[PDB]
Each structure stands twice: as structure tokens, then as C-alpha cells.
Amino acid sequence: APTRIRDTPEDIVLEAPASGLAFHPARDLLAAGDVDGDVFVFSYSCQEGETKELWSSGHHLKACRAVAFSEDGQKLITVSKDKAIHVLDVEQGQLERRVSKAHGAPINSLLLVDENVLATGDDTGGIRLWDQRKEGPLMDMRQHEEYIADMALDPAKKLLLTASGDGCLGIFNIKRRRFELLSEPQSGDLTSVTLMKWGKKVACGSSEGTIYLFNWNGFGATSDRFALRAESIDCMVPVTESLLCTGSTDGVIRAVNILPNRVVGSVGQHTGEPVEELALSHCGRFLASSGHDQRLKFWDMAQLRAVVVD
Ligand SMILES: C[C@H]1Cc2cc(-c3ccnc4ncnn34)ccc2O1
């Protein structure tokens, strides 16, 4: 009394723009990592006043480019232009493990594979796989020629898929610690990669505003492409097996259906400011976006998930 409720959590206003963004797998927590290296965990709620910073930490002294929560919800893993990988505890953001010198170049991309294994990708295209129980990387692959923009995981956890600024989709066999192939290079930098259609399609967003599709186990060349009415796609996240959201340098977040390929419409925008990253809540209800306006914004996915069909 008074309880003031909205349809989404309030915007989170940051002091520096954030490339790192992830939702907790079981709790109403959102993590961000910013261009100064700072990392934050926020509680979020549709009740006004109840979206609050729970902790911040300043262990990285250069840009924190990606963050991810462990599957058990206990740890937050962060990577940085300082070339380090850190393991933090979710409760307080205390540093529990520091893996410095993890790459020879700034780390841009992070993907957790299982409770002991993760992959990192750097600004020169280097890909490494790590088991926390073994010293040194399991794999060191430099077939890519430009930065690793994004990575995705085979549901069977066999293949790691990579999107690179060299215009290629990369395929690595995690189980065999080996390179399989690079796709034919595309005209746009591949900024984003996600699995769609129950793992049967690979969707990659490009710096020219195209989405490329590849068939599963046909990674060598695209099976389809279509363009948005946008100059770029810089980040994507799947909402359903057919629907994903994109963020672009024009600041607009777009809902896009795959096969049939259609722009459903605009979810929202960071007016006139590039969208840097997206994430989806564990419950599926909220999309979060991080923009160059230094805001984390929440969007209700219910209207979409209703309208949406196989
Ligand atoms: C870079 C070093 C440090 C580190 C940490 C982890 C970790 C810890 C906790 N939960 C997790 N879930 C997924 N990976 N993972 C895994 C590998 C690894 O190699």
C-alpha cells in the first residue's frame, strides 16, 4: 500500500553502456557487464521500486564483453578485453577464480557448455574450450580471421557454432576438440548465431541487416536469406522455435519469424541508440535489451507468444 505494478520491470539506468547481459536460469536476476569492466546483478520486478542493484564488482579493469550464469544458478562467469575469465558467486559478486591470460587477444564471446566446460572467443577469431578441472585450454582454434561475435551450442552438445566478423559460420566438434569447417563467407559480418526450428536451422544475423539460414548438418553454405528493413543486426535471441528478436544500430528491437520468414513487428526501441545485447528471462515472459543509451529495458513477450504459432 500503495503497490504500484507495471507490465514490465522498470528500466535500469546504467552509468556506462553494457555489452554483457544475461538472465539467471531460475531467479528474477539480471546480470550486466560494462565497457569499464564492471559487473552488476540486479533483481527485477513488475512492482515499482523493486528493480534494484543487488551488487556490483570491479574485478575487470577493461570492458566486460560477456557474462553468463551457471546452469545451477550459483555462479556468474565473465570475460573481458583484459583477456581474463572470472568466476563470481551470484550472492555477492565475490571473485572465486581468476583465469588471466586466457587468450592472447581481448575476449568478446562466452558460452557455457555444461557444469564444467565453457567456450570463449576473442577479437582476432581465436576459439578456446575449457574444463574448470583441467589446467590450460582443451582446444585452441584460430581458423577464424576476425572477431568472434557470438556462439551457439548443439542441443546434443557435440558441436559449437561460431559467428565471426570474417563473414563465416564456424563449426567445432567439442567432443573431439577439433575444427570441422567454416561456411562459405558472407558479405556481412556475422554478429549472431542461434538454433531455430527444433535445432534443424541455424540463423545468423549480419552487419548488413540480413538473416542467413543454414540447414543443420549443411553448414557449408546458406539454405536461405532474407533482409530486414534495417542497416544492421548486432544481436539476436530466440523466443520460440520460430520467433527470434533482433537488435540493430537504429535502436529498434524487431520480432522476426523464421520459415515463414517474416518481420512480425517492432517490440520496442532505445530511441536513436544502438541495441548492443538481448537476453530472455528464465520464465520466458521478459526480453531485456541493453543499448548505447545506457539503459536495460524490459519487454513483455506474452503478446508475441500468444500470436506466435509453429
Ligand atoms: C576458464 C576456466 C574457469 C572455468 C569455469 C567453468 C565453470 C564454472 C562454474 N560453472 C560452470 N558452468 C560452465 N562452466 N562453468 C568452466 C570452465 C572453466 O575454465
Side-chain angles (χ1 to χ4, degrees), residues 5-12 18 21-32 42 44-48 51 69 150 152-153 155 163 191-206 209-213 224-228 230-261 263-291 293 295-302 304-306:
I5 258 80
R6 316 196 322 162
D7 61 325
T8 70
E10 296 161 289
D11 287 11
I12 296 160
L21 187 74
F23 279 104
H24 190 285
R27 298 163 61 188
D28 294 348
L29 301 176
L30 179 71
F42 304 93
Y44 61 83
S45 167
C46 287
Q47 178 170 0
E48 295 183 13
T51 297
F69 288 96
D150 195 19
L153 183 61
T191 61
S192 45
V193 55
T194 192
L195 296 190
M196 302 295 281
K197 316 298 283 193
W198 304 272
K200 303 178 210 301
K201 302 289 168 169
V202 184
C204 298
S206 87
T210 284
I211 298 174
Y212 292 104
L213 299 180
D224 202 354
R225 59 185 291 169
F226 68 96
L228 308 196
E231 288 195 1
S232 77
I233 293 158
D234 300 291
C235 56
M236 307 193 312
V237 71
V239 176
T240 67
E241 291 300 337
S242 296
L243 188 78
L244 61 76
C245 289
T246 60
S248 297
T249 49
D250 65 358
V252 180
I253 301 155
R254 292 177 178 77
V256 185
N257 196 68
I258 301 297
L259 293 174
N261 301 326
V263 182
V264 179
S266 294
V267 177
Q269 63 186 59
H270 300 240
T271 293
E273 287 291 357
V275 185
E276 183 74 13
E277 192 56 281
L278 303 170
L280 185 70
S281 67
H282 73 267
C283 60
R285 286 178 65 185
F286 304 113
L287 182 77
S289 55
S290 178
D293 56 352
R295 290 175 172 268
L296 309 180
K297 290 181 171 295
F298 294 86
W299 313 96
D300 183 358
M301 294 290 89
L304 282 168
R305 289 173 181 291

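Numbering starts at 1 and runs along the sequence shown.
- No side-chain heavy atom of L243 sits under 4.5 Å from any side-chain heavy atom of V256.
- The CG atom of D234 sits 9.5 Å away from the OG1 atom of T246 when rounded to the nearest 0.5 Å.
- With values rounded to the nearest 0.5 angstrom, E241 atom CD is found 13.5 Å from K201 atom NZ.
- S206 places none of its side-chain heavy atoms less than 4.5 Å from the side chain of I233.
- When all heavy atoms of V239 and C245 are compared, the pair lying nearest together is CG2-SG, 3.9 Å.
- Using a 4.5 Å heavy-atom cutoff, the side chains of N261 and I211 are not in contact.
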Go through the steps for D11 and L296 under the test side-chain contact (heavy atoms from CB on, under 4.5 Å), then give the verdict. CA-CA 6 Å; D11 287 11; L296 309 180; over 6 Å; no
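- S248 OG to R254 CZ: the interatomic distance, rounded to the nearest 0.5 Å, is 4.5 Å.
- Residues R27 and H282 form no side-chain contact, since every pair of their non-hydrogen atoms from C-beta on lies 4.5 Å or further apart.
- The aromatic rings of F23 and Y44 stand perpendicular to each other, their planes meeting at an angle above 60°, with 30° marking the opposite boundary.
- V267 and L304 get closest at one heavy-atom pair: CG2-CD1, 4.2 Å.
- Side chains of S232 and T249: a donor on one and an acceptor on the other come within 3.5 Å.
- A donor-acceptor contact closer than 3.5 angstrom links the side chains of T271 and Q269.
- Between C46 and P9 the shortest side-chain heavy-atom distance falls below 4.5 Å.
- For the pair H270 and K297, the minimum side-chain heavy-atom distance is below 4.5 Å.
- From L244, atom CG reaches atom CG of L280 across 11.5 Å, with rounding to the nearest 0.5 Å.
- Residues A279 and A22 approach most closely at CB-CA, 4.3 Å, considering heavy atoms.
- The shortest heavy-atom contact between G205 and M236 is N-CE, 3.8 Å.
- Residues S242 and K197 meet the side-chain proximity criterion, which asks for heavy atoms closer than 4.5 Å.
- Side chains of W299 and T8: no donor on one and acceptor on the other come within 3.5 Å.
- Residues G284 and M301 approach most closely at O-CB, 3.6 Å, considering heavy atoms.
- Between the side chain of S281 and the main chain of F286, a donor-acceptor pair closer than 3.5 Å is present.
- A pairwise comparison of heavy atoms in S289 and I253 identifies OG-CD1, 3.2 Å as the closest pair.
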Could you check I258 against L213 for side-chain contact (heavy atoms from CB on, under 4.5 Å), going step by step and ending with a plain yes or no?
-> CA-CA 9 Å; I258 301 297; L213 299 180; 3.9 Å; yes
Check the pair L30 / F298 against side-chain contact (heavy atoms from CB on, under 4.5 Å), numbers first and verdict last. CA-CA 11 Å; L30 179 71; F298 294 86; 3.7 Å; yes
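- With rounding to the nearest 0.5 Å, the separation of CD1 in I12 from CZ in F42 is 5.0 Å.
- Atom-to-atom distance recorded for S266:OG and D250:CG is 8.0 Å, nearest 0.5 angstrom.
- A 4.5 Å side-chain heavy-atom check between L278 and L21 finds every atom pair outside the cut-off.
- Using modelled atom types, no side-chain atom of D150 and backbone atom of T191 make a donor-acceptor pair closer than 3.5 Å.
- Panel note: side chain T51, backbone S45; a donor-acceptor pair is recorded below 3.5 Å.
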